[PDB]
Structure formats: C-alpha cells, structure tokens
Amino acid sequence: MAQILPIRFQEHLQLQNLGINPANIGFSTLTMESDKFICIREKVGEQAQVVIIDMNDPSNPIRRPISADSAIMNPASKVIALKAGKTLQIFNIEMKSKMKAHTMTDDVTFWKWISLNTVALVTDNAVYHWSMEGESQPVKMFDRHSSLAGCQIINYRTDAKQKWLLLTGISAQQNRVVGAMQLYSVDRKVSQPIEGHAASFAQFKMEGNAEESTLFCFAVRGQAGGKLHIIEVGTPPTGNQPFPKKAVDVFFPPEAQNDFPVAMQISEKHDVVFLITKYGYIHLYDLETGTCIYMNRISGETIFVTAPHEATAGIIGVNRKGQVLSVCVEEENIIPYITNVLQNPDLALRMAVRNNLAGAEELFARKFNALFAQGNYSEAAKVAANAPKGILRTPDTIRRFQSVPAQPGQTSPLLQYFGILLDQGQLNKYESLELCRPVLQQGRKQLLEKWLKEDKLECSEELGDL
Numbered sequence: 001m002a003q004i005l006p007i008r009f010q011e012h013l014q015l016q017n018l019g020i021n022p023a024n025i026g027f028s029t030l031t032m033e034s035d036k037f038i039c040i041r042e043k044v045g046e047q048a049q050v051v052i053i054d055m056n057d058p059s060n061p062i063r064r065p066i067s068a069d070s071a072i073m074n075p076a077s078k079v080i081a082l083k084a085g086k087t088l089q090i091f092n093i094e095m096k097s098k099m100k101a102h103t104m105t106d107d108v109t110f111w112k113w114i115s116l117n118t119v120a121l122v123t124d125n126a127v128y129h130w131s132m133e134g135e136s137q138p139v140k141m142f143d144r145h146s147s148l149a150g151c152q153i154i155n156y157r158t159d160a161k162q163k164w165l166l167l168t169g170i171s172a173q174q175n176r177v178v179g180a181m182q183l184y185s186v187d188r189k190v191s192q193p194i195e196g197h198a199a200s201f202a203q204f205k206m207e208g209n210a211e212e213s214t215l216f217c218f219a220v221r222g223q224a225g226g227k228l229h230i231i232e233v234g235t236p237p238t239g240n241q242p243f244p245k246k247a248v249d250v251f252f253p254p255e256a257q258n259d260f261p262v263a264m265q266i267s268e269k270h271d272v273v274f275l276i277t278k279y280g281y282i283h284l285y286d287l288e289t290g291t292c293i294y295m296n297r298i299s300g301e302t303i304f305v306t307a308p309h310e311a312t313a314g315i316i317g318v319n320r321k322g323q324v325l326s327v328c329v330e331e332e333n334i335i336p337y338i339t340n341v342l343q344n345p346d347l348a349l350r351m352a353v354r355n356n357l358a359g360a361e362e363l364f365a366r367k368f369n370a371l372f373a374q375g376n377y378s379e380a381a382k383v384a385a386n387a388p389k390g391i392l393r394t395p396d397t398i399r400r401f402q403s404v405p406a407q408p409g410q411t412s413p414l415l416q417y418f419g420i421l422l423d424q425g426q427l428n429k430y431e432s433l434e435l436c437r438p439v440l441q442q443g444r445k446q447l448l449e450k451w452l453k454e455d456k457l458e459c460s461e462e463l464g465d466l
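Residue numbering for the sequence shown follows PDB author numbering, beginning at 1 and increasing consecutively.
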C-alpha cells in the first residue's frame, strides 16, 4: 500500500487533439530529439508534410510541406536535419534557412541530434557525427559492431563528453527481441557490445569524491531477465574513488510477459534512474545504488519516443496515442520516502548529500553528533563549517565546539573548526562572531585584525561592537 506518491505522471498533450494522424503518430513519422519540440512527418493528402510541435506552445504545431526521409530538429534550435536518402539537410525552419546539407555515400542507417549542433549519423557499418557548425561534415567517430550487425539500430548513445559512444541494435532473435547495445570508447578508441534494452550514461560524483564519474546505466531483459546495471565509464578522476559499478534486476510481472526495457531516464537532480519497459511499465531505480525505487505500468501503449523531462529532470515521452506523457519525481522531498518506505534514513542522508536536499537536517546534525562524539572533529568540523544551508554552521555548533577543549591525536577540535573557518575566509555571522569572541578575550585580537584585513571574517559590525 504505497500511501504516498514519489513521482508525478503528466500527459502534456494529445497529437490527435492537435489533429495529428495517429498513423503519423509513429516513431518513424514522429521525431523528438528533445522535449523542446515535436517533429512529426505527415502526408496531408498527397502532400507529405512535417509537423513541428514545440512543447512550449503545442497549441501551435508547425506543419511544413516537407518531404524528406525524416526530419530531426536540433534538440534546442529550429534547425532540422532532413534526410534525402543519403542527403541529410541540417536546415533551419526558424529563419527557413537551409543551414547545412550533405549527401552520405551510404544511406544513414540512423541519425540523431546528439548535440545541439551535431548529428551522429549511423551507417550499416559505421556511426558518423555531423555538426551543423560550418562546412563540418558527418564524421565517423566509430564503426558498427558485428554484434549489432543487421540488428535493428534503434538508438545511438554518446558520453556526456562524447568520449564513449553507445549504439543499440536489436533483434527478435528466436522469438526474443535481443536488444544489444554496442558502446564505443572514443578516447580508448575501442568499441564494445552489450545486450541492452535500455541504457544511459550519467555523470555522478560519488559521495566524498571530487568529480562526477560518468555512470553508464543500462537495462536489459535476458535469460537472467530484466536487469539494470550502473557502471562508471573511463578512468575515475584523480583523487576520485571509482564508482562501484552496480547491477540490479528489472522485474517484469507475469502479465508483463515478454515486456522488456525500452526507455531509461535518470534525474541527476535526484540521481535516480527512471526505466520504461516495452508495455509502458515504468521503473524507478537509484542512479547510485541501483535501488529499485518504483515500478509500475504508466501506459498500455508503449511510449515510443521519450525525453528527459528537463523541466522536472524526470522523463517525458509520447505514447502510441499521441499523448506527450511525462513522469518525474514527486520531489516535495525524497528523504521521507527513503526514511520511511525504503526505511533508509542513511540512504536518505546520502542521496541528500549528493543532491543537497532538505529533510536529513536532523539526520545531518545526527551525523555530526556522532563524529564529534566519535572524536571525528575533523570530519564533523568539515561538514559543520560546510553544512549545506549552514545547517551545522549555526552558533550552537560553534558552542558545542568551544565546549570541546584541545585533544591530542588530533588538532584541538576547536582549532579544527577554526582553521576551516579562516581557510573559508569570510564567514557567517555566527561563524565570524564566535570566532572573534574568545580570540578577543584570548588577547589574540591582532590575529582577529588580520582576519579582518584578510577577510577571514565577516568584518561585521557585530565584530565592530565586539
């Protein structure tokens, strides 16, 4: 009995309401390189046309008598890549300006707006990336893997920095749509296949690590069943402890018989992976721990084209029914869910820290109470002077500290907090104040002067009164 809702489902519109042919509501006849627009091709009578529907004002769909193989619009701009067999034309509808065009030697097995200006085009043998910058041409960043050879190329993925490029090829092999995904490392210049029904690369900074590690999430149903796996990509940044690669099973009810993952989205905003399976079933999993957060069918019709719901960091997509559907975390606060349903005040703490969300405030101060109590005045000091929203930068924190005298084996806790503060330069009113106040009486007022000049304090009129 899920007495609370951690997500929000949203149908944004209906293309049929927009007078769009449901037949022209089709992955072939529909294009969404981003939630920004909806590019739909539609032969109005004998007139082959393309409908452009900006989510901003779907009440006006931009319909154009375009007759191209297909039209993918720049994920943010009204420039659109228009295939004419091998003649792809990255052209702008905004100014109706033919931005750029090129004829490949081989018909584009698949091409998608991988950047705001690059299309990675796929040949039957290689994937070639075309920016609409200048006379830049489609550039083969890598080749098709024999693993995906002949497998229905659904989608191509790329690293956030495009240093790892994933291609998807599927095959209804032996009554089973073998969704295989080939990842190519740009920098290591090597490619690799995976069996994958949905995937995603995500840049997450592990708790306590210095930078984001590109996390490749990827879900797939196999003989082992539906299974999602979260792995860092490439070497971890120096000083970064590598992301522990994850592995989780995507469950499919008996009625989900032969359903398989089709759409994976992650809200880095929450570091949680939203996975949509074939039959319109959604699954929510922790980006970091693969923790199955939620799973349910949100549509009987497959949401054939989805998009990360940027407005909400969730996912947004269109079903068969032309309904622009979206799901996103009901982020009143995720911490209550983790604490109560997931029964994880600890994981609530962690997802908070990595996402800087309120609710673990209590739990934060608890962590503090521990570390301080555990003599970890170093760690507790760091998280104190650097508490998100100053939760442990309150004065009473500093007073706790001032109670704690010098302690061998460590810096005097007090001095630990204080070194942090001075190193933090200008500070808060409680910080600057409770800094000067003893040091005033401590007769080190000259050092206080220095911090004032050196702006290691607020230089506040409070201190002026002091």
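The C-beta atom is built at its ideal place from N, Cα and C for all residues, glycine as well.
Drop a sphere of 10 angstroms on the beta-carbon of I4, count the other beta-carbons inside from all chains shown, and report buried for 16 or more, exposed for fewer. Under this definition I4 is an exposed residue.
Which word fits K246, buried or exposed, when buried means at least 16 other C-beta atoms lie within 10 angstroms of its C-beta? By the 10 Å Cβ count, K246 comes out buried.
Kindly indicate which residue of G19, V353, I7 has the alpha-carbon position closest to the one of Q323. Of the listed residues, the one whose Cα sits closest to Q323 is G19.
Which residues bound the beta strand (DSSP E) around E42? Residues 39-44.
Which listed residue (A370, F142, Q89, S136) has its alpha carbon closest to that of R188: Comparing alpha-carbon positions, the option among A370, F142, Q89, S136 lying closest to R188 turns out to be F142.
Less than 6 Å separating the Cβ of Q47 from some heavy atom of the ligand MN? Absent from the structure shown: the ligand MN. Ligands present: none.
Taking the alpha carbon of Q152 as the reference point, which residue from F274, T123, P395, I25 has its own alpha carbon closest? When only C-alpha atoms are compared, the closest one is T123.
Residue range of the unbroken beta strand (DSSP E) whose run includes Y128: In the DSSP assignment, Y128 falls within the unbroken beta strand (DSSP E) covering 126-131.
Let's see if you can read the secondary structure: which residues bound the alpha helix (DSSP H) around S432? Counting along the chain, the alpha helix (DSSP H) containing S432 begins and ends at 429-441.
For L347, report the span of its alpha helix (DSSP H) as first-last. Note, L347: alpha helix (DSSP H), 345-355.
Between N296 and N56, what straight-line distance do the alpha-carbon atoms span, to the nearest angstrom? Our two residues, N296 and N56, have alpha carbons roughly 28 Å apart in a direct line.
Could you compute how far the alpha carbon of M1 sits from the alpha carbon of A380? Between the alpha carbons of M1 and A380 lies a distance of about 38 Å.
Can you tell me where the alpha helix (DSSP H) holding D143 begins and where it ends? If you look at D143, you'll find it isn't in any alpha helix (DSSP H); it sits in the beta strand (DSSP E) that goes 139-143.
Taking the alpha-carbon positions, what's the residue 490 to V341 distance? This structure cannot settle anything about residue 490, because the visible part of the chain is limited to 1 through 466.
Can you give me the Cβ contacts of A101 inside the same chain, cut-off strictly under 6 Å, excluding the 5 residues immediately before and after it? Cβ neighbours of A101 beyond the five flanking positions: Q89.
Rounded to whole angstroms, what is the Cα-Cα separation between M95 and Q10? Their Cα atoms are separated by approximately 32 Å.
Checking the sheet assignment: what are the DSSP bridge partners for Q174? The partner list for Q174 (beta bridge, DSSP) is empty, contrary to what the question assumes.
Following the continuous beta strand (DSSP E) through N92, name the residue where it begins and the one where it ends. It spans 87-92 - the beta strand (DSSP E) in which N92 sits, taken as one unbroken run.
Taking Cβ positions, are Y430 and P395 nearer each other than 7 Å? A Cβ-Cβ contact shorter than 7 Å links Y430 with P395.
Per the DSSP calculation, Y184 is bridged to which residue(s)? For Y184, which the question treats as bridged, DSSP gives the partners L165, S191.
Start-to-end residues for the beta strand (DSSP E) that takes in residue 483: The chain is shown from 1 up to 466; residue 483 falls before or after that span and cannot be answered.
Determine the burial state of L440: buried for a count of at least 16 other Cβ atoms within 10 Å of its Cβ, exposed for fewer. Under this definition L440 is an exposed residue.
What three-state label does DSSP hand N21 in the structure shown? Correct three-state label for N21: coil.
Would you call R157 buried or exposed, if buried means 16 or more other Cβ atoms sit within 10 Å of its Cβ? So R157 ends up on the buried side.
At the level of alpha carbons, what is the spacing between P438 and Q407? Roughly 18 Å between the two C-alpha positions.
DSSP three-state assignment for residue 468, whether helix, strand or coil: Summary: the structure shown does not reach residue 468, with the chain confined to residues 1 through 466, and so no result is reported for it.
Determine, using beta-carbon pairs with one atom in the segment 352-360 and one in the segment 42-49, whether at least three such pairs fall under 8 Å. Taking 8 Å as the limit for Cβ pairs, the verdict is that the segment 42-49 does not touch the segment 352-360.
Reference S67; option with closest CA among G208, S59, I40, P75: Closest option to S67, judged by alpha-carbon separation, among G208, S59, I40, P75: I40.
How is the alpha helix (DSSP H) around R399 delimited, first residue to last? Counting along the chain, the alpha helix (DSSP H) containing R399 begins and ends at 395-403.
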